[PDB]
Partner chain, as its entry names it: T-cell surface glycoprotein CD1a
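First, one chain by itself: the form solved without its partner chain, in structure tokens.
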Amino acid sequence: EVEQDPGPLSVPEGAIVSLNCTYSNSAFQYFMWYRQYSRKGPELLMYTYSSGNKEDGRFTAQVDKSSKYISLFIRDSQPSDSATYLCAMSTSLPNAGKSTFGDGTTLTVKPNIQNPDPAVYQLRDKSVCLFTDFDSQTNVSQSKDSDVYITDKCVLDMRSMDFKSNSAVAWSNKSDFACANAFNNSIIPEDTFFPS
């Protein structure tokens, strides 16, 4: 039995991240960390044998067998580190090639926004409201209304322009849904632009 940090974990770009697992089997000897991108297969990232540390770039895998506690540290986190991290453990040989997986921790590394311009726009037509151009510090909450759908902040990258932007989409077929009230359950910036 492997007990992994449930998550979800959301951090700003440049933050140090700590991903941890506890275990109950004293015979565990091989300690692995897998990285799993959205709708892809897990990929081996770090692996160690017995107690101690291993450093690889921005990554440090550490094992303390005494307290049955393992950790993966990510220094200067980057938006590309956004993935599900799974710890896997194997008993000393013989182990018949078997490993026990933790339940995973989904990490989102929010990109730094250089020039924020928070605003909520109404798109042309079942009505669509777009909250865009807010920095990493904004948390988009779900609606208090069951008939109003909201999808959490998404970061698009306009490469040739060297520009990145956050956006949340709000939609509803409901009678009195409007963009001035669409994100009322969220703590949005005071200077958010609400055009006519």
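Residue numbers count along the first chain shown, from 1. Superpose the two forms; the largest set of C-alphas matching within 1.5 Å is the rigid core.
- prompt: Where do the C-alpha atoms have the higher mean temperature factor in this entry, in 156-164 or in 134-142?
  reply: Stretch with the higher mean C-alpha B-factor: 156-164.
message: Highest mean C-alpha temperature factor of the two stretches 145-153 and 165-173, which is it?
response: Mean CA B-factor is higher for 145-153.
field: Of the residues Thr100, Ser82, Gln122, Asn95, the one carrying the largest Cα B-factor as recorded
entry: Within the set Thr100, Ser82, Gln122, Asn95, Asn95 shows the top C-alpha B-factor.
- request: Rank-wise, by C-alpha B-factor, drop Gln36 into the lowest, middle or highest third of its chain.
  value: Bottom third by C-alpha B-factor.
- prompt: Should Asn112 be placed in the lowest, middle or highest third of its chain by the C-alpha B factor in the entry?
  reply: Answer is highest: the recorded C-alpha B-factor places it there.
query: Compared with the other modelled residues in the chain, in which third is the CA B-factor of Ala61?
result: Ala61: CA B-factor falls in the middle third of its chain.
Where the record places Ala180 (Cα B-factor, split into thirds across the chain): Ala180: CA B-factor falls in the highest third of its chain.
message: What third of the chain does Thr91 rank in for C-alpha temperature factor, lowest, middle or highest?
response: Its C-alpha B-factor, which the entry lists for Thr91, ranks in the highest third among residues of this chain.
One more form of this protein should be noted, the form solved in complex with its partner chain, which is absent from this view; the next part is about it.
task: Answer with yes or no whether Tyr69 is in contact with its partner chain in the entry with it bound, where contact means some heavy atom within 4.5 Å.
output: Because no heavy atom of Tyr69 falls inside 4.5 Å of its partner chain in the entry with it bound, the answer is no.
query: Would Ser77 count as a contact of its partner chain in the entry with it bound, using a 4.5 angstroms cut-off between non-hydrogen atoms?
result: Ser77: no contact with its partner chain in the entry with it bound.
- prompt: At the 4.5 Å heavy atom threshold, is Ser92 in contact with its partner chain in the entry with it bound?
  reply: Taking the distances in the entry with it bound, the answer for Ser92 is yes, it comes within 4.5 Å of its partner chain.
field: Contact label in the entry with it bound: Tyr30 to its partner chain, heavy atom within 4.5 Å
entry: Contact check for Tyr30: yes, within 4.5 Å of its partner chain in the entry with it bound.
- request: Using the rigid core as the fixed frame, list which single one of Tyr149, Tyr47, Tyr69, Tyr37 shifts its Cα by at least 2 angstroms between this form and the one not shown.
  value: That would be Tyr149.
- prompt: Did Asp162 and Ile74 drift closer or farther in the entry with it bound, going by a CA distance change of 3 angstroms or more?
  reply: Closer in the entry with it bound, by 3 Å or more.
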